[PDB]
């Protein structure tokens, strides 16, 4: 949403400059861009941005896609915490069974190439490496350029910057 680029303060010019440029590249198609932009935004917790990018991510994302990217955010929210947490315990709990349900990572709808990538984005924002890494893997395998994956990280990072600046005014 352009009203979103317009809401950014003047001491956060860079973020604006980075938002209009990331939100209109090409390296990623539309479903991969807006899909990541949507996932990242719900992950910032700033509803302003989620409402805006989402409104824009309707003329690009499919009905299933929207739910997908939002599901990714939902489920990485739990996992990013779990795995990073276990990871900090020197493997001392790797034996138990997490029990956490997550049939959705099997994507329950939409291509994994995209699901997986949006999960990357979210993991980048939440700060969980044991997840950021495996998704870069699951991706790299199914394909996806090293360029596309990087741009997504750039997307997560820029969405996070917008959230912060809009949350300072």
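Positions refer to the first chain, counted from 1.
Enquirer: When the Cα temperature factors in the entry are averaged, is it 146-154 or 19-27 that ends up higher?
Expert: According to the PDB entry, the answer is 19-27.
Enquirer: Which is higher on mean Cα B factor in this entry, 86-94 or 72-80?
Expert: That would be 86-94.
Enquirer: Could you check 35, 47, 54, 111 and tell me which one carries the biggest Cα B-factor in the deposited entry?
Expert: Max CA B-factor in the entry, restricted to 35, 47, 54, 111: 111.
Enquirer: Report the option among 131, 121, 43, 105 whose CA atom has the maximum B-factor in the deposited record.
Expert: Of the options given, 105 has the highest CA B-factor in the PDB entry.
Enquirer: Lowest, middle or highest third: where is residue 61 by C-alpha B factor in its chain?
Expert: For residue 61, the deposited C-alpha B-factor lands in the middle third.
Enquirer: Just say lowest, middle or highest third for the CA B-factor of residue 7 relative to the other modelled residues in its chain.
Expert: Middle third by C-alpha B-factor.
Enquirer: Sorting the chain's modelled residues by C-alpha B-factor, tell me whether residue 166 ends up in the lowest, middle or highest third.
Expert: Middle third.
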